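This is structure-v3.pdb. It holds PDB, C-alpha atoms and all ligand atoms.
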ATOM      1  CA  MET A   1    -163.018-146.662-121.686  1.00  0.00           C
ATOM      2  CA  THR A   2    -161.531-145.840-125.086  1.00  0.00           C
ATOM      3  CA  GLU A   3    -158.169-147.358-126.036  1.00  0.00           C
ATOM      4  CA  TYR A   4    -155.872-145.566-128.461  1.00  0.00           C
ATOM      5  CA  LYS A   5    -153.702-148.074-130.317  1.00  0.00           C
ATOM      6  CA  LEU A   6    -150.510-146.158-131.077  1.00  0.00           C
ATOM      7  CA  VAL A   7    -147.178-147.579-132.215  1.00  0.00           C
ATOM      8  CA  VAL A   8    -143.747-145.921-132.010  1.00  0.00           C
ATOM      9  CA  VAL A   9    -141.391-146.361-134.957  1.00  0.00           C
ATOM     10  CA  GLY A  10    -138.350-144.662-136.442  1.00  0.00           C
ATOM     11  CA  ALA A  11    -134.677-145.266-137.116  1.00  0.00           C
ATOM     12  CA  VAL A  12    -131.591-146.288-135.160  1.00  0.00           C
ATOM     13  CA  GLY A  13    -129.948-143.440-133.259  1.00  0.00           C
ATOM     14  CA  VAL A  14    -133.043-141.381-132.480  1.00  0.00           C
ATOM     15  CA  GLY A  15    -133.664-142.718-128.985  1.00  0.00           C
ATOM     16  CA  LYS A  16    -137.243-143.979-128.837  1.00  0.00           C
ATOM     17  CA  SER A  17    -136.561-145.154-125.294  1.00  0.00           C
ATOM     18  CA  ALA A  18    -136.384-141.553-124.092  1.00  0.00           C
ATOM     19  CA  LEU A  19    -139.537-140.635-126.021  1.00  0.00           C
ATOM     20  CA  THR A  20    -141.541-143.420-124.399  1.00  0.00           C
ATOM     21  CA  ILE A  21    -140.177-143.004-120.865  1.00  0.00           C
ATOM     22  CA  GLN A  22    -140.652-139.207-120.971  1.00  0.00           C
ATOM     23  CA  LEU A  23    -144.358-139.616-121.725  1.00  0.00           C
ATOM     24  CA  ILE A  24    -144.835-142.395-119.169  1.00  0.00           C
ATOM     25  CA  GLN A  25    -142.843-141.737-115.970  1.00  0.00           C
ATOM     26  CA  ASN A  26    -141.650-138.313-117.169  1.00  0.00           C
ATOM     27  CA  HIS A  27    -137.928-139.049-117.291  1.00  0.00           C
ATOM     28  CA  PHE A  28    -135.147-138.384-119.792  1.00  0.00           C
ATOM     29  CA  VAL A  29    -132.442-141.004-120.228  1.00  0.00           C
ATOM     30  CA  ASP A  30    -129.342-140.380-122.374  1.00  0.00           C
ATOM     31  CA  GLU A  31    -128.517-144.091-122.432  1.00  0.00           C
ATOM     32  CA  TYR A  32    -129.381-145.686-125.757  1.00  0.00           C
ATOM     33  CA  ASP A  33    -130.617-149.278-125.587  1.00  0.00           C
ATOM     34  CA  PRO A  34    -132.473-151.117-128.407  1.00  0.00           C
ATOM     35  CA  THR A  35    -135.827-152.302-127.070  1.00  0.00           C
ATOM     36  CA  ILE A  36    -137.784-155.054-128.844  1.00  0.00           C
ATOM     37  CA  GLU A  37    -141.169-155.290-127.117  1.00  0.00           C
ATOM     38  CA  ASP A  38    -142.261-153.400-124.006  1.00  0.00           C
ATOM     39  CA  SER A  39    -145.658-152.371-122.648  1.00  0.00           C
ATOM     40  CA  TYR A  40    -146.227-148.607-122.358  1.00  0.00           C
ATOM     41  CA  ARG A  41    -149.742-147.681-121.279  1.00  0.00           C
ATOM     42  CA  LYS A  42    -150.902-144.656-119.308  1.00  0.00           C
ATOM     43  CA  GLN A  43    -154.204-142.854-118.714  1.00  0.00           C
ATOM     44  CA  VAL A  44    -154.164-139.302-120.059  1.00  0.00           C
ATOM     45  CA  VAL A  45    -156.808-136.575-119.974  1.00  0.00           C
ATOM     46  CA  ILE A  46    -157.590-135.633-123.562  1.00  0.00           C
ATOM     47  CA  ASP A  47    -159.791-132.542-123.942  1.00  0.00           C
ATOM     48  CA  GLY A  48    -161.522-133.199-120.641  1.00  0.00           C
ATOM     49  CA  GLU A  49    -161.839-136.938-121.219  1.00  0.00           C
ATOM     50  CA  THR A  50    -159.659-139.519-119.501  1.00  0.00           C
ATOM     51  CA  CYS A  51    -158.582-142.149-122.018  1.00  0.00           C
ATOM     52  CA  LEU A  52    -156.240-145.136-122.008  1.00  0.00           C
ATOM     53  CA  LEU A  53    -153.308-144.882-124.385  1.00  0.00           C
ATOM     54  CA  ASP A  54    -152.249-148.304-125.617  1.00  0.00           C
ATOM     55  CA  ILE A  55    -148.761-147.774-127.015  1.00  0.00           C
ATOM     56  CA  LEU A  56    -146.307-150.398-128.237  1.00  0.00           C
ATOM     57  CA  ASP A  57    -142.742-149.389-129.072  1.00  0.00           C
ATOM     58  CA  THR A  58    -141.116-151.602-131.698  1.00  0.00           C
ATOM     59  CA  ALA A  59    -137.776-152.084-133.424  1.00  0.00           C
ATOM     60  CA  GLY A  60    -136.507-149.871-136.224  1.00  0.00           C
ATOM     61  CA  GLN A  61    -134.047-152.273-137.784  1.00  0.00           C
ATOM     62  CA  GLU A  62    -134.517-154.151-141.061  1.00  0.00           C
ATOM     63  CA  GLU A  63    -133.833-157.348-139.133  1.00  0.00           C
ATOM     64  CA  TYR A  64    -137.431-157.288-137.919  1.00  0.00           C
ATOM     65  CA  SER A  65    -139.595-157.335-141.035  1.00  0.00           C
ATOM     66  CA  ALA A  66    -141.901-160.311-140.424  1.00  0.00           C
ATOM     67  CA  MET A  67    -143.466-158.869-137.269  1.00  0.00           C
ATOM     68  CA  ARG A  68    -144.074-155.581-139.120  1.00  0.00           C
ATOM     69  CA  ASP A  69    -147.426-156.583-140.633  1.00  0.00           C
ATOM     70  CA  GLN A  70    -148.455-157.916-137.226  1.00  0.00           C
ATOM     71  CA  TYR A  71    -148.495-154.725-135.135  1.00  0.00           C
ATOM     72  CA  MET A  72    -149.452-152.684-138.203  1.00  0.00           C
ATOM     73  CA  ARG A  73    -152.691-154.654-138.339  1.00  0.00           C
ATOM     74  CA  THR A  74    -153.805-153.536-134.874  1.00  0.00           C
ATOM     75  CA  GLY A  75    -152.166-150.146-134.473  1.00  0.00           C
ATOM     76  CA  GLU A  76    -154.365-147.295-135.672  1.00  0.00           C
ATOM     77  CA  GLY A  77    -151.923-144.468-135.069  1.00  0.00           C
ATOM     78  CA  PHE A  78    -148.371-144.707-136.358  1.00  0.00           C
ATOM     79  CA  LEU A  79    -145.824-142.417-134.723  1.00  0.00           C
ATOM     80  CA  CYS A  80    -143.270-141.802-137.462  1.00  0.00           C
ATOM     81  CA  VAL A  81    -140.478-140.132-135.498  1.00  0.00           C
ATOM     82  CA  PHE A  82    -137.255-139.117-137.251  1.00  0.00           C
ATOM     83  CA  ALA A  83    -134.135-137.137-136.336  1.00  0.00           C
ATOM     84  CA  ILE A  84    -132.976-133.784-137.732  1.00  0.00           C
ATOM     85  CA  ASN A  85    -129.401-134.932-137.112  1.00  0.00           C
ATOM     86  CA  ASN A  86    -129.979-137.898-139.395  1.00  0.00           C
ATOM     87  CA  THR A  87    -130.946-136.950-142.940  1.00  0.00           C
ATOM     88  CA  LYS A  88    -131.332-140.655-143.715  1.00  0.00           C
ATOM     89  CA  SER A  89    -134.246-140.975-141.294  1.00  0.00           C
ATOM     90  CA  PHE A  90    -135.860-138.077-143.159  1.00  0.00           C
ATOM     91  CA  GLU A  91    -135.874-140.179-146.321  1.00  0.00           C
ATOM     92  CA  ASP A  92    -136.688-143.429-144.513  1.00  0.00           C
ATOM     93  CA  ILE A  93    -139.926-141.767-143.422  1.00  0.00           C
ATOM     94  CA  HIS A  94    -141.202-142.155-146.983  1.00  0.00           C
ATOM     95  CA  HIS A  95    -140.220-145.829-147.166  1.00  0.00           C
ATOM     96  CA  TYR A  96    -141.795-146.426-143.759  1.00  0.00           C
ATOM     97  CA  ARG A  97    -144.898-144.540-144.881  1.00  0.00           C
ATOM     98  CA  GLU A  98    -145.011-146.679-148.026  1.00  0.00           C
ATOM     99  CA  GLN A  99    -144.904-149.863-145.952  1.00  0.00           C
ATOM    100  CA  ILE A 100    -147.519-148.511-143.537  1.00  0.00           C
ATOM    101  CA  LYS A 101    -149.773-147.339-146.379  1.00  0.00           C
ATOM    102  CA  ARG A 102    -149.262-150.743-147.982  1.00  0.00           C
ATOM    103  CA  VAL A 103    -150.650-152.489-144.895  1.00  0.00           C
ATOM    104  CA  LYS A 104    -153.291-149.801-144.306  1.00  0.00           C
ATOM    105  CA  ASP A 105    -154.397-150.048-147.949  1.00  0.00           C
ATOM    106  CA  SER A 106    -156.006-146.609-147.757  1.00  0.00           C
ATOM    107  CA  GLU A 107    -155.132-143.152-149.068  1.00  0.00           C
ATOM    108  CA  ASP A 108    -156.731-141.326-146.148  1.00  0.00           C
ATOM    109  CA  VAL A 109    -154.865-141.956-142.916  1.00  0.00           C
ATOM    110  CA  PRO A 110    -154.748-139.728-139.799  1.00  0.00           C
ATOM    111  CA  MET A 111    -151.024-139.566-139.012  1.00  0.00           C
ATOM    112  CA  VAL A 112    -148.486-136.925-138.035  1.00  0.00           C
ATOM    113  CA  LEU A 113    -144.833-136.107-138.621  1.00  0.00           C
ATOM    114  CA  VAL A 114    -142.602-135.522-135.601  1.00  0.00           C
ATOM    115  CA  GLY A 115    -138.847-135.275-135.193  1.00  0.00           C
ATOM    116  CA  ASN A 116    -136.555-135.715-132.199  1.00  0.00           C
ATOM    117  CA  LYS A 117    -133.018-134.527-131.371  1.00  0.00           C
ATOM    118  CA  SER A 118    -134.028-130.930-132.063  1.00  0.00           C
ATOM    119  CA  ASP A 119    -131.623-129.948-129.277  1.00  0.00           C
ATOM    120  CA  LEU A 120    -128.591-130.952-131.341  1.00  0.00           C
ATOM    121  CA  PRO A 121    -126.588-128.195-133.104  1.00  0.00           C
ATOM    122  CA  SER A 122    -125.894-130.578-135.972  1.00  0.00           C
ATOM    123  CA  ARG A 123    -129.182-129.842-137.715  1.00  0.00           C
ATOM    124  CA  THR A 124    -128.923-131.634-141.042  1.00  0.00           C
ATOM    125  CA  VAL A 125    -132.620-131.423-141.870  1.00  0.00           C
ATOM    126  CA  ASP A 126    -134.017-127.896-141.696  1.00  0.00           C
ATOM    127  CA  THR A 127    -137.617-126.902-140.926  1.00  0.00           C
ATOM    128  CA  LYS A 128    -138.426-125.852-144.520  1.00  0.00           C
ATOM    129  CA  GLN A 129    -137.679-129.391-145.710  1.00  0.00           C
ATOM    130  CA  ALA A 130    -140.184-131.001-143.358  1.00  0.00           C
ATOM    131  CA  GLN A 131    -142.753-128.211-143.664  1.00  0.00           C
ATOM    132  CA  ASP A 132    -142.738-128.462-147.460  1.00  0.00           C
ATOM    133  CA  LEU A 133    -142.744-132.257-147.453  1.00  0.00           C
ATOM    134  CA  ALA A 134    -145.824-132.209-145.217  1.00  0.00           C
ATOM    135  CA  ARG A 135    -147.697-130.473-148.041  1.00  0.00           C
ATOM    136  CA  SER A 136    -147.416-133.561-150.222  1.00  0.00           C
ATOM    137  CA  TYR A 137    -148.722-135.890-147.513  1.00  0.00           C
ATOM    138  CA  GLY A 138    -151.468-133.539-146.407  1.00  0.00           C
ATOM    139  CA  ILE A 139    -150.608-133.787-142.727  1.00  0.00           C
ATOM    140  CA  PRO A 140    -148.903-131.170-140.496  1.00  0.00           C
ATOM    141  CA  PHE A 141    -145.386-131.478-139.091  1.00  0.00           C
ATOM    142  CA  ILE A 142    -144.656-130.949-135.399  1.00  0.00           C
ATOM    143  CA  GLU A 143    -141.311-130.326-133.711  1.00  0.00           C
ATOM    144  CA  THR A 144    -140.882-132.607-130.703  1.00  0.00           C
ATOM    145  CA  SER A 145    -138.098-131.704-128.299  1.00  0.00           C
ATOM    146  CA  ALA A 146    -138.184-134.374-125.606  1.00  0.00           C
ATOM    147  CA  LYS A 147    -134.970-132.859-124.245  1.00  0.00           C
ATOM    148  CA  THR A 148    -136.599-129.794-122.713  1.00  0.00           C
ATOM    149  CA  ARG A 149    -140.131-131.231-122.924  1.00  0.00           C
ATOM    150  CA  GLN A 150    -141.276-128.857-125.675  1.00  0.00           C
ATOM    151  CA  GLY A 151    -144.026-129.997-128.018  1.00  0.00           C
ATOM    152  CA  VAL A 152    -144.144-133.455-126.438  1.00  0.00           C
ATOM    153  CA  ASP A 153    -147.702-133.289-125.105  1.00  0.00           C
ATOM    154  CA  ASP A 154    -148.773-130.758-127.734  1.00  0.00           C
ATOM    155  CA  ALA A 155    -147.955-133.071-130.660  1.00  0.00           C
ATOM    156  CA  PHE A 156    -149.631-135.979-128.892  1.00  0.00           C
ATOM    157  CA  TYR A 157    -152.924-134.161-128.285  1.00  0.00           C
ATOM    158  CA  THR A 158    -153.401-133.239-131.947  1.00  0.00           C
ATOM    159  CA  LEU A 159    -153.029-136.870-133.048  1.00  0.00           C
ATOM    160  CA  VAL A 160    -155.808-137.960-130.696  1.00  0.00           C
ATOM    161  CA  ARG A 161    -158.148-135.226-131.932  1.00  0.00           C
ATOM    162  CA  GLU A 162    -157.555-136.155-135.568  1.00  0.00           C
ATOM    163  CA  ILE A 163    -158.339-139.800-134.811  1.00  0.00           C
ATOM    164  CA  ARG A 164    -161.302-138.997-132.529  1.00  0.00           C
ATOM    165  CA  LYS A 165    -162.951-136.705-135.080  1.00  0.00           C
ATOM    166  CA  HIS A 166    -162.249-139.304-137.775  1.00  0.00           C
ATOM    167  CA  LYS A 167    -164.220-141.881-135.782  1.00  0.00           C
ATOM    168  CA  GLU A 168    -167.134-139.451-135.570  1.00  0.00           C
TER
HETATM  169  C1  LIG B   1    -149.184-156.221-123.257  1.00  0.00           C
HETATM  170  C2  LIG B   1    -148.730-156.472-124.484  1.00  0.00           C
HETATM  171  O1  LIG B   1    -149.308-155.574-125.341  1.00  0.00           O
HETATM  172  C3  LIG B   1    -150.119-154.790-124.570  1.00  0.00           C
HETATM  173  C4  LIG B   1    -150.952-153.644-125.150  1.00  0.00           C
HETATM  174  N1  LIG B   1    -151.496-154.048-126.454  1.00  0.00           N
HETATM  175  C5  LIG B   1    -151.331-153.298-127.543  1.00  0.00           C
HETATM  176  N2  LIG B   1    -151.790-153.620-128.750  1.00  0.00           N
HETATM  177  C6  LIG B   1    -151.413-152.642-129.572  1.00  0.00           C
HETATM  178  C7  LIG B   1    -151.607-152.443-130.936  1.00  0.00           C
HETATM  179  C8  LIG B   1    -151.085-151.311-131.550  1.00  0.00           C
HETATM  180  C9  LIG B   1    -150.379-150.375-130.800  1.00  0.00           C
HETATM  181  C10 LIG B   1    -150.192-150.571-129.439  1.00  0.00           C
HETATM  182  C11 LIG B   1    -150.707-151.706-128.824  1.00  0.00           C
HETATM  183  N3  LIG B   1    -150.672-152.141-127.571  1.00  0.00           N
HETATM  184  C12 LIG B   1    -150.036-155.198-123.308  1.00  0.00           C
END
The structure given in the file should be rewritten as structure tokens.
Ligand SMILES: c1coc(CNc2nc3ccccc3[nH]2)c1
Amino acid sequence: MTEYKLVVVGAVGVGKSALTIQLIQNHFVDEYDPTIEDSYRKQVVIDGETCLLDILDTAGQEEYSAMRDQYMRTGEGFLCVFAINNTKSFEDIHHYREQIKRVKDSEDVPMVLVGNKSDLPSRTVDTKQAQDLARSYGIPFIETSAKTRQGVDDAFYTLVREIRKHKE
């Protein structure tokens, strides 16, 4: 069986806990609790093939910098999730990308750009911003609304295909 090493990252105030739980047991929790290290693995059918998704959600604080290079050495797919309500996270994506690219040590990297909290009326970061920024990276941007379950699975399937075809 094929294992997809994916890691969930982002900023504080986005709610990665809801993103992980929604994809695992299919539940949405409004409660925000900072998780450090939890195991999130589930078998999903990708394009007619059942595969095991090995996902590890990590911290998003600057307090945890030493363990950064650790999970970045095993994780193949980095889930850079930001929030449209937080324009800071939009910028932090570049810094995070820089750190990731620093560990990856490669220009070509199959990653995606997804944002949460798209259900909030306080949209600080508009679509044009992300869509235009994606042009510089060379990777598409996907809107992930875990609130109403829109784009959740869709954005996850594309990532797998990009990585699968890259291994071929
Ligand atoms: C118990 C503790 O970790 C596990 C699963 N391992 C695991 N390695 C990973 C490396 C990168 C991303 C997710 C990963 N997930 C089970």
At a cut-off of 10 Å, can you tabulate as JSON lines every residue of chain A near ligand LIG 1 (chain B) together with its closest atom pair and the distance in Å to one decimal, using only C-alpha atoms and all ligand atoms and ordering rows by chain then number?
{"residue": "A:3", "atom": "CA", "partner": "B:LIG1", "partner_atom": "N3", "distance": 9.0}
{"residue": "A:4", "atom": "CA", "partner": "B:LIG1", "partner_atom": "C10", "distance": 7.6}
{"residue": "A:5", "atom": "CA", "partner": "B:LIG1", "partner_atom": "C9", "distance": 4.1}
{"residue": "A:6", "atom": "CA", "partner": "B:LIG1", "partner_atom": "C9", "distance": 4.2}
{"residue": "A:7", "atom": "CA", "partner": "B:LIG1", "partner_atom": "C9", "distance": 4.5}
{"residue": "A:8", "atom": "CA", "partner": "B:LIG1", "partner_atom": "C9", "distance": 8.1}
{"residue": "A:37", "atom": "CA", "partner": "B:LIG1", "partner_atom": "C2", "distance": 8.1}
{"residue": "A:38", "atom": "CA", "partner": "B:LIG1", "partner_atom": "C2", "distance": 7.2}
{"residue": "A:39", "atom": "CA", "partner": "B:LIG1", "partner_atom": "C12", "distance": 5.3}
{"residue": "A:40", "atom": "CA", "partner": "B:LIG1", "partner_atom": "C4", "distance": 7.4}
{"residue": "A:41", "atom": "CA", "partner": "B:LIG1", "partner_atom": "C4", "distance": 7.2}
{"residue": "A:53", "atom": "CA", "partner": "B:LIG1", "partner_atom": "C10", "distance": 8.2}
{"residue": "A:54", "atom": "CA", "partner": "B:LIG1", "partner_atom": "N3", "distance": 4.6}
{"residue": "A:55", "atom": "CA", "partner": "B:LIG1", "partner_atom": "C10", "distance": 4.0}
{"residue": "A:56", "atom": "CA", "partner": "B:LIG1", "partner_atom": "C10", "distance": 4.1}
{"residue": "A:57", "atom": "CA", "partner": "B:LIG1", "partner_atom": "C10", "distance": 7.6}
{"residue": "A:58", "atom": "CA", "partner": "B:LIG1", "partner_atom": "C9", "distance": 9.4}
{"residue": "A:70", "atom": "CA", "partner": "B:LIG1", "partner_atom": "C7", "distance": 8.9}
{"residue": "A:71", "atom": "CA", "partner": "B:LIG1", "partner_atom": "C8", "distance": 5.6}
{"residue": "A:72", "atom": "CA", "partner": "B:LIG1", "partner_atom": "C8", "distance": 7.0}
{"residue": "A:73", "atom": "CA", "partner": "B:LIG1", "partner_atom": "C8", "distance": 7.7}
{"residue": "A:74", "atom": "CA", "partner": "B:LIG1", "partner_atom": "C7", "distance": 4.6}
{"residue": "A:75", "atom": "CA", "partner": "B:LIG1", "partner_atom": "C8", "distance": 3.3}
{"residue": "A:76", "atom": "CA", "partner": "B:LIG1", "partner_atom": "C8", "distance": 6.6}
{"residue": "A:77", "atom": "CA", "partner": "B:LIG1", "partner_atom": "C9", "distance": 7.4}
{"residue": "A:78", "atom": "CA", "partner": "B:LIG1", "partner_atom": "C9", "distance": 8.2}
{"residue": "A:79", "atom": "CA", "partner": "B:LIG1", "partner_atom": "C9", "distance": 10.0}
From the options A:81, A:134, A:113, A:12, which residue's atoms come nearest to residue 61 (chain A), counting all atoms listed in the file?
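Using all atoms listed in the file, residue 61 (chain A) sits closest to A:12.
Rounded to one decimal, CA of residue 32 (chain A) and CA of residue 154 (chain A) lie 24.6 Å from each other.
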Suppose you want the space between CA of residue 105 (chain A) and CA of residue 163 (chain A); what is it in Å?
17.1 Å
Have a look at A:31, A:52, A:65, A:108 and name the one nearest to residue 166 (chain A); count all atoms listed in the file.
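Residue with the minimum atom-to-atom distance to residue 166 (chain A): A:108.
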Near residue 60 (chain A), counting all atoms listed in the file, which residues have an atom at most 9 Å away, once you skip same-chain residues fewer than 4 positions from it, shown as a ChimeraX atom specification?
/A:9-12,34,64
Which residue gives the smallest distance to residue 19 (chain A) among A:116, A:129, A:124, A:148, with only C-alpha atoms counted?
A:116
